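Notes for the one structure printed next.
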Amino acid sequence: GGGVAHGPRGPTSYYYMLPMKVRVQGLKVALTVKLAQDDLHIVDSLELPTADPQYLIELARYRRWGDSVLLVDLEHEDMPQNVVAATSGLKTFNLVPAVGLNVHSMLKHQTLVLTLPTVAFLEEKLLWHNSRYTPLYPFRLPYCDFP
Amino acid sequence: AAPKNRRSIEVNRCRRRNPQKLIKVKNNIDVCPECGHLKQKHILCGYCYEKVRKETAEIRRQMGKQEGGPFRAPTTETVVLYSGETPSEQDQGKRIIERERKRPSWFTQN
Amino acid sequence: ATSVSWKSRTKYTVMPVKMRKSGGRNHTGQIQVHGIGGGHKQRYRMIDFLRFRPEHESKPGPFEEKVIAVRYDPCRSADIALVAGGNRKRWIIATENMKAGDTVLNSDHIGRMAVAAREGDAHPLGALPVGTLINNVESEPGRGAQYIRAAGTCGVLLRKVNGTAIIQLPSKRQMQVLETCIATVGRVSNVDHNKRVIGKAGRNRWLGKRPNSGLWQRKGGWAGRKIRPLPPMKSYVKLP
Amino acid sequence: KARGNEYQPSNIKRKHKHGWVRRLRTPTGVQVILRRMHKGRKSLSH
RNA sequence: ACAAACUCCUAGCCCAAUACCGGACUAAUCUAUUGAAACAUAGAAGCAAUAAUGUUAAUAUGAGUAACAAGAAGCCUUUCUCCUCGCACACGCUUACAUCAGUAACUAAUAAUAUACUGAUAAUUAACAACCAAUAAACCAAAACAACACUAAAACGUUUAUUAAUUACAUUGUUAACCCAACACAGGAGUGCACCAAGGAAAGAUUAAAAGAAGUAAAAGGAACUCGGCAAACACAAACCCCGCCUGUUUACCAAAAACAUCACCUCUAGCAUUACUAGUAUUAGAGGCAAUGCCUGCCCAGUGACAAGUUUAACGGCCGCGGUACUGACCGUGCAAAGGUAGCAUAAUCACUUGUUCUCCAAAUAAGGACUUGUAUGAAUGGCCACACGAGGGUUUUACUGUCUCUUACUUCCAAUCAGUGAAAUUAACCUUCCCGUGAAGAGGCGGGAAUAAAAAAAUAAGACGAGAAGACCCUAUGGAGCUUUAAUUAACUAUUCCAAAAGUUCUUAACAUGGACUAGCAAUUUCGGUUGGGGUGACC
RNA sequence: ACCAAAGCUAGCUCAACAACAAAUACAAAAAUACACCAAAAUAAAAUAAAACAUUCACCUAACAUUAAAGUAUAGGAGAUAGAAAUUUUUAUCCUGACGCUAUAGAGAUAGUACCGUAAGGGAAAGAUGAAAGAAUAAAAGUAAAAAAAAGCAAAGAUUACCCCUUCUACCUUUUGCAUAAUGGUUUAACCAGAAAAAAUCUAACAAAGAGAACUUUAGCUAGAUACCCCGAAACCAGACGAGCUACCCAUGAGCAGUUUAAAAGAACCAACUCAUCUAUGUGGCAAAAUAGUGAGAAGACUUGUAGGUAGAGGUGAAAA
Ligand SMILES: [Mg+2]
Ligand SMILES: [Mg+2]
Ligand SMILES: [Mg+2]
Ligand SMILES: [Mg+2]
Ligand SMILES: [Mg+2]
Ligand SMILES: [Mg+2]
Ligand SMILES: [Mg+2]
Ligand SMILES: [Mg+2]
Ligand SMILES: [Mg+2]
Ligand SMILES: [Mg+2]
Ligand SMILES: [Mg+2]
Ligand SMILES: [Mg+2]
Ligand SMILES: [Mg+2]
Ligand SMILES: [Mg+2]
Ligand SMILES: [Mg+2]
Ligand SMILES: [Mg+2]
Ligand SMILES: [Mg+2]
Ligand SMILES: [Mg+2]
Ligand SMILES: [Mg+2]
Ligand SMILES: [Mg+2]
Ligand SMILES: [Mg+2]
Ligand SMILES: [Mg+2]
Ligand SMILES: [Mg+2]
Ligand SMILES: [Mg+2]
Ligand SMILES: [Mg+2]
Ligand SMILES: [Mg+2]
Ligand SMILES: [Mg+2]
Ligand SMILES: [Mg+2]
Ligand SMILES: [Mg+2]
Ligand SMILES: [Mg+2]
Ligand SMILES: [Mg+2]
Ligand SMILES: [Mg+2]
Ligand SMILES: [Mg+2]
Ligand SMILES: [Mg+2]
Ligand SMILES: [Mg+2]
Ligand SMILES: [Mg+2]
Ligand SMILES: [Mg+2]
Ligand SMILES: [Mg+2]
Ligand SMILES: [Mg+2]
Ligand SMILES: [Mg+2]
Ligand SMILES: [Mg+2]
Ligand SMILES: [Mg+2]
Ligand SMILES: [Mg+2]
Ligand SMILES: [Mg+2]
Ligand SMILES: [Mg+2]
Ligand SMILES: [Mg+2]
Ligand SMILES: [Mg+2]
Ligand SMILES: [Mg+2]
Ligand SMILES: [Mg+2]
Ligand SMILES: [Mg+2]
Ligand SMILES: [Mg+2]
Ligand SMILES: [Mg+2]
Ligand SMILES: [Mg+2]
Ligand SMILES: [Mg+2]
Ligand SMILES: [Mg+2]
Ligand SMILES: [Mg+2]
Ligand SMILES: [Mg+2]
Ligand SMILES: [Mg+2]
Ligand SMILES: [Mg+2]
Ligand SMILES: [Mg+2]
Ligand SMILES: [Mg+2]
Ligand SMILES: [Mg+2]
Ligand SMILES: [Mg+2]
Ligand SMILES: [Mg+2]
Ligand SMILES: [Mg+2]
Ligand SMILES: [Mg+2]
Ligand SMILES: [Mg+2]
Ligand SMILES: [Mg+2]
Ligand SMILES: [Mg+2]
Ligand SMILES: [Mg+2]
Ligand SMILES: [Mg+2]
Ligand SMILES: [Mg+2]
Ligand SMILES: [Mg+2]
Ligand SMILES: [Mg+2]
Ligand SMILES: [Mg+2]
Ligand SMILES: [Mg+2]
Ligand SMILES: [Mg+2]
Ligand SMILES: [Mg+2]
Ligand SMILES: [Mg+2]
Ligand SMILES: [Mg+2]
Ligand SMILES: [Mg+2]
Ligand SMILES: [Mg+2]
Ligand SMILES: [Mg+2]
Ligand SMILES: [Mg+2]
Ligand SMILES: [Mg+2]
Ligand SMILES: [Mg+2]
Ligand SMILES: [Mg+2]
Ligand SMILES: [Mg+2]
Ligand SMILES: [Mg+2]
Ligand SMILES: [Mg+2]
Ligand SMILES: [Mg+2]
Ligand SMILES: [Mg+2]
Ligand SMILES: [Mg+2]
Ligand SMILES: [Mg+2]
Ligand SMILES: [Zn+2]
């Protein structure tokens, strides 16, 4: 009935912070891969003709979009109604604001779909890191050009 | 002295299956001409000796009733009788035990 | 844990009172003084050591008392005498030749011509002659007798200075006492107590004395025959 | 001589040494009760 | 000629290894995506037991072995045959007790059947026993068949006065074959009457081997046995020693003694009051020594003590040379000491020599006793010497007695062996488990050279298996422990001491408490006890 | 073919968020009579310093978090110990699980059985089905199925099991072990390598790099690579123990006969008490007994009930 000699000890946290530019270039590479394998599709508008999920599935089939799909919109408040409903009714399809793009999810869905203002967004944010200085204090604080 | 090694099952099978430790087959068994049960040649029949024994027990009970107490025992010879029998002159002057069962075939009159 | 002492009695009875002996132990039940216990069971008999003790609070004068009997006591080494007068009986320590059917005088009065005293006499120290033999000497007047009670012991009056007597205790240390202290004149009873032989070890267990330890010890620096200049006079007179 | 019979049963001595009252009279006795309640024993005191 | 991992030959995935250090792969889980029946890339870890006298559970072996129990016959409770811890209460146990019923299997160490297992039902009824007033006062006066006494000085209440609810029936203990020892233990258990009137069975059935246990008898001899006359006796008595004086007390479980105590004799320390000593008071009371009685108790205050420079040995402790001379030395010289060992006793329960010398004791004696006796290491309260009386102490002789023994024997009973029940223990790498002589980590059933040899039981004996039991109590080594002692080194608290301040007053004092800093002791703390070494110590060296 | 074997649940981890009524301290579970109440004094040592004396974090308190910084300082100036000034921190909501499945996870089906006088220690276990208001044959050990000259038990092989021929069990420990050195009957389940200063390896960005404080003469930042398990005798604090035994204090109780003027620590010898000597017994009948044989046996005698003294202590006719 004795004690365990070594065994798992206490609540353990695995926490390590990758340097920023590595995370950024990771994001870039994921986008690049998506594009060069033909599995990226840029969309504009995103207004749906109707809220019926069958429309979205058939729209996947007729365009041969592959099995699972992720959709990325610029903002969370600015999402159109029909889309929110129709997508919130499905597992294989998925809907996310642009703030929440990430590598793991990009690899989890066979097909990525971006709104146009979303490309205008990402391209800007990510491109900004080649030309930046090393941070002085946390970037949330006031800088000359950067908000 | 403590045994130096556990013995193998081989050695044990040798020792305790020996023809000497086996139970011998008794060859003197026969059947008793009366009740046809089994008995050994030199021994009385068990089943016969039973009915003999029971009857002896009962006749001893009735002759215990014919006696008044522990120390009081008859000076005459005794003769036991069964339903329908009357004493012969040879047997008169003797103590008589009277019984309900008609005289059993294996017990003779003499 | 706890204990209660046996010595609770508020009143004076001459009838012997039952006493509970405790061999060697203090009230916390630990051995304090070694080698005491298992004696023969004894009753205690109360002694009045204040010999001049006016019986009725109203009349101040001197006592005349009578000796009814002289008995053995287990509690002390000296012999005890039962003395009565008026309505009062008392056990007092008997002087050496005191016999039953005797007369005793108790007075606190000090005359200038002193007195010639018998043994059963109790007088104030200053009223006795210079040469006399005393016992049951009181320390401070009114306190009762303390010194010289043992079997066959005596003190002796030596000199008198400034209304204060000087006595010699049995150890021969000298004691300074006010004149008004009462003392008894004589020797304590049973002077042969010292010559008694204890025959066997048995008598010791009868007197209630346990055998000594079996531990062996070198004698220390304390042992040897030391010859000391006699310890100086004890003075119970206090300065003004 | 032969040993192991050391315990000679007495009901008076049992209640007087280990009984509830004896415990409650002294602080440490009280803590014996307390520890025994914290372990949740069926029987607190003799 | 025959002979290797060497070297050829034919093919390759192409050259040994303990500590430590590099590499490549993978078993089983889980999590990400795939995968669909066993999954493949990653990420993670309680990530892999042939070995800890490992832990738990279960199985063997030893082993159907050791060991366990019920007196006979009958008509089934009736006679017999034998032995005697019996009935109550107290304490303590708790239904184990009672009736009826059941027992295949559980309890009984087996059965039969049942006071002890299982179920159901019942049960001990108070006059015995528990529970059950105070305060005042008189009363000095033992139990002991109690007349009267003895020393050790003795447990226990009446009566008078003042008040005490006053009122059927309170409440509670009442079984037993029993309790404390793990057990339905050859054991431990208080009291009153008993010796049976009451309680109980020593053998389950045989057989009559050895070896063991207990008992009985023994020709001739009577200690010749042996460390010792231990055990045993148809004996049961005498004597001599040593040590203790004596009765007593101790190492529960290896020592009852010469050890301790003790009467007695001596040293110290104390002049006094509410809980010890002590309701005492120096003829008393505490620390101790040495052990009755008798004769004794020598000389030594320099050291260390201890006391209040000086004093002390019935305090710790000591108590001599060297040569000259009548073989010896009464004498002599000189030296050192605080004194120079005396009275006794003596080869000794007394370092060694040593089995000293000699006499008695026996056929013979290292034993015993008596003497001599420098014991160069006896010796007088750390007691010296004699002596009664006493030792389950040690030794020696004699009588007597006998199986101790010459030198064994017969017979019974428990074991014993066979039949029937029930059924353990240490131990055990695996064993298909010989002998000899060599060899070998130096003593072999396993190696080498030879021998011998169908297979298994049961019974015996103990030479071996460095047999089984206890991580050797000896020895040494750990910068491991502990107990004891002091001049080890560091030193408090406390108990006492003495002093200075403080505190009160005087113009230098301290009544009892009581704080700060010292001092001087007691009791007392904390921590260690270097290393090399032909093992350690002593010696020597660093 | 027996003995066995298999289930997935009971519940746990870790973390977020925030049945009265009566009876009871008489010897608890007892309606009821005169009192008393109540109390407080530093944590020590084990261990580090390779010994050990000064010193040795954590052990009480809250203060948190990112820094200043392992810096100022403090230390047989050794071992180690260690601040502050001054700076940083956005709300709730949003719960779960690369946590365990009956030797695990709680000790837990329980603080119960049981073991202890007492403080205290402290287990083991459950498994069919919708319905019981329906009756896999795989561990060791054995059985089916005793054993035939020979030899670490196998291997080379053979028509053929042996028969031939060749081979010093395994670990640990050592200079060297077949050793007659240690360990283990056998099976199953459990049962033992943890850290990121410097370094190397792979990447980011580069005279700079890091999501704040820092480091920079190719550097910085991130990942990955690392250091066991079981054992004393001890020492310190606080509890609980005198129903055994040591000694006391209460209150009771025994001691017949025989001898002697006698209860005289006198004789003889029972009950009762001790334990001398021998033999049995040695996992016993018994964790100290039984059989014989012995000492004492009106006393310093035995013995019952009830108190007391507690470990730096008690008690001691000293045997530590
Ligand atoms: Mg656990
Ligand atoms: Mg006295
Ligand atoms: Mg003495
Ligand atoms: Mg002594
Ligand atoms: Mg016990
Ligand atoms: Mg060749
Ligand atoms: Mg190699
Ligand atoms: Mg593991
Ligand atoms: Mg295994
Ligand atoms: Mg073993
Ligand atoms: Mg193992
Ligand atoms: Mg078996
Ligand atoms: Mg055998
Ligand atoms: Mg047998
Ligand atoms: Mg029998
Ligand atoms: Mg009773
Ligand atoms: Mg049975
Ligand atoms: Mg009762
Ligand atoms: Mg009772
Ligand atoms: Mg009864
Ligand atoms: Mg036992
Ligand atoms: Mg038998
Ligand atoms: Mg025989
Ligand atoms: Mg014989
Ligand atoms: Mg004989
Ligand atoms: Mg003969
Ligand atoms: Mg001889
Ligand atoms: Mg001989
Ligand atoms: Mg001889
Ligand atoms: Mg004899
Ligand atoms: Mg001699
Ligand atoms: Mg003696
Ligand atoms: Mg006697
Ligand atoms: Mg004893
Ligand atoms: Mg002993
Ligand atoms: Mg003995
Ligand atoms: Mg002596
Ligand atoms: Mg004196
Ligand atoms: Mg003498
Ligand atoms: Mg002298
Ligand atoms: Mg001489
Ligand atoms: Mg000698
Ligand atoms: Mg001498
Ligand atoms: Mg001396
Ligand atoms: Mg001497
Ligand atoms: Mg005498
Ligand atoms: Mg004696
Ligand atoms: Mg003798
Ligand atoms: Mg049998
Ligand atoms: Mg063989
Ligand atoms: Mg050799
Ligand atoms: Mg050999
Ligand atoms: Mg046999
Ligand atoms: Mg042998
Ligand atoms: Mg061998
Ligand atoms: Mg041997
Ligand atoms: Mg060893
Ligand atoms: Mg050592
Ligand atoms: Mg050490
Ligand atoms: Mg210290
Ligand atoms: Mg040394
Ligand atoms: Mg050495
Ligand atoms: Mg040497
Ligand atoms: Mg050597
Ligand atoms: Mg030396
Ligand atoms: Mg250390
Ligand atoms: Mg170390
Ligand atoms: Mg050390
Ligand atoms: Mg500390
Ligand atoms: Mg569990
Ligand atoms: Mg219990
Ligand atoms: Mg099998
Ligand atoms: Mg062969
Ligand atoms: Mg070899
Ligand atoms: Mg090993
Ligand atoms: Mg060696
Ligand atoms: Mg060897
Ligand atoms: Mg060995
Ligand atoms: Mg070894
Ligand atoms: Mg072994
Ligand atoms: Mg680093
Ligand atoms: Mg570089
Ligand atoms: Mg220490
Ligand atoms: Mg230490
Ligand atoms: Mg008590
Ligand atoms: Mg007691
Ligand atoms: Mg008598
Ligand atoms: Mg006598
Ligand atoms: Mg005999
Ligand atoms: Mg006798
Ligand atoms: Mg005698
Ligand atoms: Mg004693
Ligand atoms: Mg001694
Ligand atoms: Mg000793
Ligand atoms: Zn027939």
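Would you call C:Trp222 within 16 Å of RNA strand F (Cβ to nearest atom) and either in a strand (DSSP E or B) or more than 22 Å from the chain's Cα centre (by Cα) (or both)?
In short, no.
Scanning for something surrounded by 13 or more Cβ atoms within 10 Å (Cβ to Cβ) and under 30 Å from A:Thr134 (Cα atoms), does the stretch A:39-57 turn up at least one residue?
no
What number of residues in the stretch C:3-53 are within 14 Å of RNA strand F (Cβ to nearest atom) and among the aromatic types (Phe, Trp, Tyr)? First the steps, then the outcome.
Let us first name the residues in the stretch C:3-53 that are within 14 Å of RNA strand F (Cβ to nearest atom), namely C:3-7, C:16-44.
Add one more test, that the residue is among the aromatic types (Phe, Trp, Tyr), and what stays is C:6, C:44.
Matching residues across the stretch C:3-53 total 2.
For the subset of the stretch B:22-39 comprising residues that are away from RNA strand E (no atom under 16 Å from the Cβ) and among the charged types (D, E, K, R), which member is surrounded by the most Cβ atoms within 10 Å (Cβ to Cβ)?
B:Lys39
Only residues that are assigned to a helix (DSSP H, G or I) and not hydrophobic (A, V, I, L, M, F, W, C): list them for the stretch B:53-75, please.
Answer for the stretch B:53-75, where residues must be assigned to a helix (DSSP H, G or I) and not hydrophobic (A, V, I, L, M, F, W, C): B:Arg53, B:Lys54, B:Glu55, B:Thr56, B:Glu58, B:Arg60, B:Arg61, B:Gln62, B:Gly64, B:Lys65.
Can D:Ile12 be described as away from chain C (no Cβ under 14 Å) and touching a helix residue (DSSP H, G or I) at 6+ places or on another chain (Cβ under 8 Å)?
Answer is no for this residue.
Only one residue in C:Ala127, C:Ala165 is more than 22 Å from C:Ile93 (Cα to Cα), surrounded by 15 or more Cβ atoms within 10 Å (Cβ to Cβ) and touching an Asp or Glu at 6+ places or on another chain (Cβ under 9 Å), so which one is that?
Just a single option satisfies the conditions, and that option is C:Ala165.
Hey, among the residues in the stretch B:40-67 that are among the acidic types (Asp, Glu) and within 22 Å of B:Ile96 (Cα to Cα), which one's farthest from RNA strand E (Cβ to nearest atom)?
It comes out as B:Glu55.
Please state which of the following conditions C:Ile47 fails to meet, knowing it meets all the rest: (1) touching a strand residue (DSSP E or B) at 6+ places or on another chain (Cβ under 7 Å); (2) farther than 21 Å from C:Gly152 by Cα.
The one condition C:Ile47 does not meet is (2).
Looking for something more than 6 Å from RNA strand F (Cβ to nearest atom) and within 12 Å of the chain's Cα centre (by Cα) - is there at least one such residue anywhere in the stretch D:7-18?
No: zero hits.
Would a scan of the stretch B:80-94 turn up a residue that is of a type outside the set (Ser, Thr, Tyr), over 21 Å from B:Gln109 (Cβ atoms), more than 16 Å from ligand 2 (Cβ to nearest atom) and more than 25 Å from the chain's Cα centre (by Cα)?
Checked against the condition, which is being of a type outside the set (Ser, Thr, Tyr), over 21 Å from B:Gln109 (Cβ atoms), more than 16 Å from ligand 2 (Cβ to nearest atom) and more than 25 Å from the chain's Cα centre (by Cα), the stretch B:80-94 yields no hits at all.
Under 8 Å between Cβ atoms, at least 6 apart or on separate chains: pull out the pairs that start in the stretch B:33-48 with a residue that is in a loop (DSSP other than H, G, I, E, B) and end on any residue that is more than 7 Å from ligand 95 (Cβ to nearest atom).
Cβ pairs passing all conditions: B:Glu34/B:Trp106; B:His37/B:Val31; B:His37/B:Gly46; B:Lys41/B:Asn28; B:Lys41/B:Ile29; B:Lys41/B:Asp30; B:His42/B:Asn28.
We place every Cβ from the backbone using ideal geometry, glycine too, and count neighbours over all the protein chains shown. We did not get these values from a lab; they are worked out from the coordinates using the rules stated.
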